[PDB]
Amino acid sequence: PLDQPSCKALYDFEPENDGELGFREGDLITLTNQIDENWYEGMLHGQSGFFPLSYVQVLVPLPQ
């Protein structure tokens, strides 16, 4: 198994601007940073952006 930080989308998320990363329920998202208590940065299909913690479930956590 990979030790790359990652999470799985619980719900579809449509971005409100180009800073946000869109995704569909069930997508495996690469985690790259945690901005704050409520927001992550990550990657999907090579694209990068921010999205809410509340829309995802962590698989492999970022270092704390």
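Parameters at a glance
Residues numbered from 1 in each chain as written, not as in the entry; some residues may be left out. Heavy atoms only, no water. Helix = DSSP H or I, 4+ residues; strand = E, 2+ residues; numbered from the N terminus. Pairing = 2+ DSSP bridges. Axes fitted to C-alpha atoms, helices over the stretch in contact; angles between N-to-C directions. Contact = heavy atoms within 4.5 Å. Buried < 20%, exposed > 50% of the residue type's maximum accessible area, 1.4 Å probe, protein only.

Structure determination for this PDB entry was carried out by X-ray crystallography, with a resolution of 1.700 Å recorded in the header.

(A) View of unusual backbone geometry. One non-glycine residue, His45, lies in the positive phi region at around 50 degrees. Among the structural elements, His45 can be located in the loop between β3 (39-44) and β4 (47-52).

(B) Here's a closer look at the sheet that holds strand β5 (residues 56-60). The five strands are arranged β4-β3-β2-β1-β5 in an open sheet whose pairing can be described as antiparallel. Each edge of the open sheet is held by one strand with a lone partner, namely β4 and β5. Mean inter-strand twist for the sheet, computed between neighbouring axes without regard to direction, equals 40 degrees. The pairing of β3 with β4 spans six bridges and is antiparallel. Across the sheet, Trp39 pairs through a bridge with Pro52, a residue of β4.

(C) Highlighting the side chain of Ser6. Note on placement: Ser6 falls in strand β1 (residues 6-9). Beyond its immediate sequence surroundings of up to four residues, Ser6 is in contact with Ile29, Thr30, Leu31, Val58, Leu59 and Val60.

(D) The pairing of β3, seen in detail. Judged by which residues are buried, β3 turns out to be one-sided: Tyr40, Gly42 and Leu44 face inward and are buried, whereas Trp39, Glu41 and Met43, on the alternate face, are not. Sheet analysis places strand β2 (residues 28-34) next to β3, joined by four bridges and oriented antiparallel. Its bridge partner being in β3, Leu31 is matched across the sheet by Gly42. Counting the residues in the hairpin turn of β3 and β4 gives two residues, including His45, whose phi is positive at 50 degrees.

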